[PDB]
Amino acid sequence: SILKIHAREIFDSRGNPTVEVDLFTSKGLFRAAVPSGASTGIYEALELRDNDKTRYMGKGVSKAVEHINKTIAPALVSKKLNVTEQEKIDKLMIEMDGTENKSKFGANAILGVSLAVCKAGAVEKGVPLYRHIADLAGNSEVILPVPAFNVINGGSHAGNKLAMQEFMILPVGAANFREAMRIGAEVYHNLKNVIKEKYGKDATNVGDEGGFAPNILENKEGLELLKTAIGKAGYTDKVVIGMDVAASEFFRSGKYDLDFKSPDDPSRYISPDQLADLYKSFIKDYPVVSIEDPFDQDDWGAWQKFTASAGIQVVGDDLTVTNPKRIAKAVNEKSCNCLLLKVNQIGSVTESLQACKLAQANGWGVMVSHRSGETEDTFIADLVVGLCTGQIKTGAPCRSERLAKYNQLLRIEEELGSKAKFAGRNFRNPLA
């Protein structure tokens, strides 16, 4: 049923090239684009770049686009496969690539087609996208997740000393998704004033994900600002905090550098135990109910130890890279208790659903996620609803590559109507 596939180079939210795929069936044109991370774990499937330093600083993706146009497209068009057969199509592509990390075509080339196929499949069945995903995942129920807004940016997503990457607010106490959006926006706007008043207007510009990029170094200060904004906005009863440390970004031969954006100096490095205790103080002084990548992607010992003693949701991102094989090891060792789901870390919709199901079958929460480098594509909005994970982080309520997804979630809630369900305070396990 796939009649034509044509790929092109477009631009992501940082102004870097990325892959976009147009797929045609008798029902019409289906288009999807691929995201790109900045703090990408070493185990992620390969994002293929041209590396021609004279063009886009080496970041063109014309090779990936060519892999689709000269190889994947004609193969898929010849097989005359039905777009609703997601698994067969994804597997064909995985087999054609033949490599462990999709380095022959690039995970960006394979994912672009995978996503477009999925969108075409939903319309093929005359059902909403989240419903089709629900079907493919084997879910009957569908639910709106609690949104986690990265409202203060640090690490590799912002120009400041702040070492930890994301400071998120989650309106778990909202009545529904739309109120969750209203609460997120109001706290965000109150925060701009809190920051402005203390550090001046120059501290209110934004980082890659729309969060403010204040010129601070102390991660505790980041948390303190969120708490103040929450209180000022009058939502202390409905908002909790989440963090994404992206510790792999400041891992230094065994230790950690909480000032890695300043000229190196090993004398300031701290040990994993020191970092673990720092988080515990954060968990003690602030409503922090979730921490992502508290340690390096392969510092397995620290992860297991922290997850066993922190008492909160611990999210694996670079640790697991949406990879069933890495996930299996994490479940066995209890390295974490939540999976960050990034379709582009593994490269296909099918492997992404497999990774989600493996995590969910083992009592893990699952938070669907965007990449710091996004596009106007809104696939993950339908994905988190169809996978019933109950939680999603897709940016601060600023910069449309973020709001496109939130707005889509608002449209899904509306479409679901009176029978719409919202995870709320049960985001970790929405379907008890």
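Residue numbers run from 1 along the displayed sequence.
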| item | value |
| --- | --- |
| Comparing 302-310 with 194-202, the one whose average Cα B-factor in the PDB entry is higher | 302-310 |
| Comparing 378-386 with 399-407, the one whose average Cα B-factor in the PDB entry is higher | 378-386 |
| Residue with maximal Cα B-factor (values as given in the PDB entry) among 293, 141, 209, 351 | 141 |
| Largest Cα B-factor, entry values, listed residues 274, 71, 108, 165 | 274 |
| CA B-factor ranking of residue 57, expressed as a third of its chain | highest |
| Ranked C-alpha temperature factor of residue 256 among modelled chain residues, by third | highest |
| Residue 342, C-alpha B-factor rank within chain (lowest, middle or highest third) | lowest |
| Cα B factor band for residue 267 (lowest, middle or highest third within the chain) | highest |
| Assigned third (lowest, middle, highest) for the C-alpha B factor of residue 6 | lowest |
